[PDB]
Amino acid sequence: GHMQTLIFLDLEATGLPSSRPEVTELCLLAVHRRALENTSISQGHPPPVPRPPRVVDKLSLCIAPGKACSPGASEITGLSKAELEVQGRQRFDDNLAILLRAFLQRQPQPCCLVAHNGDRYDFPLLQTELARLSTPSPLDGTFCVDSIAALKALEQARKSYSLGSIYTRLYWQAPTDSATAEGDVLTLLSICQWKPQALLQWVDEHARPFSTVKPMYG
Amino acid sequence: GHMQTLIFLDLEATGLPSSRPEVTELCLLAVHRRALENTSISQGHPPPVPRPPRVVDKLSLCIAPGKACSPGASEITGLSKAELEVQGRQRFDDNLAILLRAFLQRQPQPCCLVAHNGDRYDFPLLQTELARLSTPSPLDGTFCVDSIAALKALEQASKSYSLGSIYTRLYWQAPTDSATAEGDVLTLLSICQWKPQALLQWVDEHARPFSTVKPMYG
DNA sequence: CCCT
DNA sequence: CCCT
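Residues numbered from 1 in each chain as written, not as in the entry; some residues may be left out. Chains lettered and ligands numbered in written order. Heavy atoms only, no water.

Structure determination for this entry, per the PDB record, employed X-ray crystallography and reached 3.50 Å resolution.

Chain B appears in the PDB entry as Three prime repair exonuclease 1 from Mus musculus. For chain B, the Sequence similarities comment in UniProt is given as "Belongs to the exonuclease superfamily. TREX family." (UniProt positions renumbered as here; feature names shortened; annotations may be inferred.)

Chain A appears in the PDB entry as Three prime repair exonuclease 1 from Mus musculus. Among the UniProt annotations of chain A, the heading Catalytic activity holds the following wording: "Exonucleolytic cleavage in the 3'- to 5'-direction to yield nucleoside 5'-phosphates." Of the comments in the UniProt record for chain A, the one headed Sequence similarities reads "Belongs to the exonuclease superfamily. TREX family."

(A) Inspection of the pattern of salt bridges at higher detail. Within this structure, the stated rule accounts for 24 salt bridges over all chains. Residue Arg89 of chain A is joined to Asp57 of chain B by a salt bridge in which the shortest nitrogen-to-oxygen separation is 3.4 Å. Here the residue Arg89 of chain A occupies a position in the loop between α3 (81-86) and α4 (94-106), and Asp57 of chain B occupies one in strand β3 (residues 57-62), the pair thus bridging two chains. Here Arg89 of chain A matches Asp57 of chain B in class, with each residue buried. Between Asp93 of chain A and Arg106 of chain B there is a salt bridge, with the nearest N and O atoms lying 3.1 Å from each other. Taken together, the residues span two chains, with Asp93 of chain A in the loop between α3 and α4 and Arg106 of chain B in helix α4 (residues 94-106). Here the two residues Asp93 of chain A and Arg106 of chain B agree in accessibility, since each one is buried. Shared partners join several salt bridges into a network, and the residues in it are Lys58 and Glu182 of chain A together with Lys58 and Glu182 of chain B. (Salt bridge = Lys/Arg side-chain N within 4 Å of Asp/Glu carboxyl O. Helix = DSSP H or I, 4+ residues; strand = E, 2+ residues; numbered from the N terminus. Buried < 20%, exposed > 50% of the residue type's maximum accessible area, 1.4 Å probe, protein only.)

(B) Quick peek at the nonpolar core. Counting residues in each nonpolar core, the largest one holds 67 residues, and the members touching the most others are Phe92, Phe103 and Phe210 of chain A together with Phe103, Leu113, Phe123 and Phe210 of chain B. Beyond its immediate stretch of four places on either side in the chain, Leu113 of chain B contacts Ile7, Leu9, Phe123, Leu139, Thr142, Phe143, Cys144, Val145 and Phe210 of chain B. Core analysis: the second largest hydrophobic core is formed by 33 residues, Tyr171, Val185, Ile191 and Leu199 of chain B among them. (Core = buried A, V, L, I, M, F, W, Y, C linked by side-chain atoms within 4.5 Å. Contact = heavy atoms within 4.5 Å.)

(C) Layout of the environment of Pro215 of chain B. Inspection of the secondary structure puts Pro215 of chain B in the segment after β6 (208-209). Excluding residues that lie within four positions of it along the chain, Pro215 of chain B makes contacts with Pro124, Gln127 and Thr128 of chain B.

(D) Geometry of the protein's contact with DNA strand C. Residue and element names in this part refer to chain B. Around DNA strand C there are 18 residues in total, and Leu11, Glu12, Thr77, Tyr161 and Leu163 lie nearest to it. The sugar-phosphate portion of DNA strand C accounts for 64% of its atoms within 4 Å of the protein, the bases making up the rest. Note that a phosphate oxygen of DNA strand C is positioned 3.0 Å from one of the backbone N or O atoms of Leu11. At a separation of 3.1 Å, a sugar or linking oxygen of DNA strand C approaches a polar backbone atom of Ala13. Broken down by secondary-structure element, the contributors of at least two residues to the surface near DNA strand C are β1 (5-13), α2 (71-77) and α5 (118-132). (Near = heavy atom within 4 Å. Polar contact = N/O pair within 3.5 Å; in protein donor to acceptor, adjacent residues only side chain to side chain.)

(E) Expanded view of the pairing of strand β5 (residues 143-146) of chain A. Residue and element names in this part refer to chain A. When strand β4 (residues 111-115) meets β5, the two strands line up parallel, connected through 4 bridges. Paired with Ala115 across the bridge in β5 is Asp146. For the segment spanning β4, helix α5 (residues 118-132) and β5, crossover handedness is right-handed. One ladder, built from 2 bridges, connects β5 with strand β6 (residues 208-209); its direction is antiparallel. Its bridge partner being in β6, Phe143 is matched across the sheet by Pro209. (Pairing = 2+ DSSP bridges. Right-handed = clockwise from strand over helix to strand, strands pointing away.)

(F) View of the interface of chain A and chain B. Every contact between the two is made by 40 residues of chain A and, on the other side, 39 residues of chain B. Around 3500 Å² of area is buried between chain A and chain B when both sides are counted, 48% of it from carbon and sulfur atoms. In terms of surface lost to chain B, no three residues of chain A exceed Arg54, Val55 and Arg106 of chain A, which account for 24% of the buried area on that side. At the junction of chain A with chain B, the criterion picks out 27 residue pairs in polar contact. Of all the elements in the fold, those that place two or more residues in the side of chain A that touches chain B are β2 (23-32), α1 (33-37), β3 (57-62), α3 and α4 of chain A. The element contributing the most residues to the side of chain A that touches chain B is α4 of chain A, with 8 residues. When the residues that make up the side of chain A that touches chain B are grouped by side-chain class, the tally is 17 nonpolar, 12 polar and 11 charged. (Buried area = accessible area lost by both parts, 1.4 Å probe. Nonpolar A, V, L, I, M, F, W, Y, C, P; charged D, E, K, R; others polar.)

This is the structure:
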């Protein structure tokens with residue numbers, strides 16, 4: 001009934017939902033409630049990009065997909081199944097689920113996941129990948145929330161609500177290292193640090209369990 | 001008999017070995033053999049700072065120590081037991097050992113740890129922290145190597161061997177984000193990317209099992 | 001002599 | 001219309 005740790009999440013995959021994609025890279029960035037509360041309210045025209053908090057748990061992993069990547073997805077991310085296999089990256093396996101659960105348990109509960117276009121992409125895909133695994137879902141007790149829905153509410157308080165479009169609106173800069181699991185998570189964090197205590201309170205009242213998120217396929 | 005994944009490691013602690021320290025933060029950065037082999041040989045006067053490889057697994061975690069930090073250690077790292085406790089960071093517990101083991105198992109074996117002044121600080125301390133845990137050591141099958149010994153051999157080939165002193169010698173820049181588990185690991189990676197295929201071959205011939213590393217105390 |  |  002109150003979120004103690006916001007886990008900023010983003011995945012890079014082989015393609016769009018219509019292509020039945022598989023995760024090629026993921027990145028989680030755990031940050032405590034009071035880490036965000038202790039952050040500068042973005043003032044000035046333009047305001048500076050807020051510094052990430054000091055105490056922050058992070059996990060960036062590369063994953064070998066079972067199928068090839070599309071030319072458009074390969075170019076922007078700069079990844080391919082051939083390259084991931086040659087560097088010995090393992091599949092989305094049961095070992096990965098253990099690694100997530102161990103990482104999650106360190107974070108003070110209740111934790112809420114945060115992903116841009118998460119309710120329509122990052123969560124259903126992650127749920128579908130966890131559906132393949134014989135082990136139970138490690139994100140069972142955790143909550144989730146789409147940052148697009150959050151920023152729409154905050155900013156109305158008349159168009160593109162993309163990750164890159166929001167970041168450039170707020171701070172008037174190009175995102176650093178686009179098309180990388182970590183780079184997009186860091187960009188998402190910066191957006192959420194715009195009005196953090198306002199964002200936190202919205203997440204509390206609109207956060208839902210990850211188990212309620214229906215999968216992409218299967 | 002041949003290292004497939006170099007895991008760049010560094011810890012931030014409550015103090016020097018003489019003070020019997022405890023880990024306040026750690027960061028692992030796994031990179032495949034071929035990732036380093038596919039890297040620019042640093043040419044030009046001065047040479048540019050090499051780009052980190054694309055496919056790279058990373059894990060940065062904050063840990064609550066059982067004892068207070070020294071004023072000198074607190075200032076440089078910008079951390080304290082009071083702040084770590086208030087943000088709900090757990091102790092160096094059995095859960096952490098599982099998280100390391102799960103992370104390690106993803107990396108193609110045999111993997112070798114790399115830490116600056118590791119044989120005298122980062123490895124013995126990590127061994128002492130793992131000695132407290134009731135579970136077995138997750139770094140059992142892994143190897144290790146001190147980057148100081150590596151760079152001494154490479155640089156004498158064709159005085160101060162600190163992490164900051166080496167980085168400034170090679171590229172003529174100040175390290176980005178000093179006194180942070182991740183920032184020091186990224187600095188170490190850059191140093192090792194100076195002559196990577198030469199560094200790799202030295203690590204092979206001087207890499208030893210982590211279990212041979214005697215602990216700092218206990 | 002180097003890590004914190 | 002947004003994620004890759």
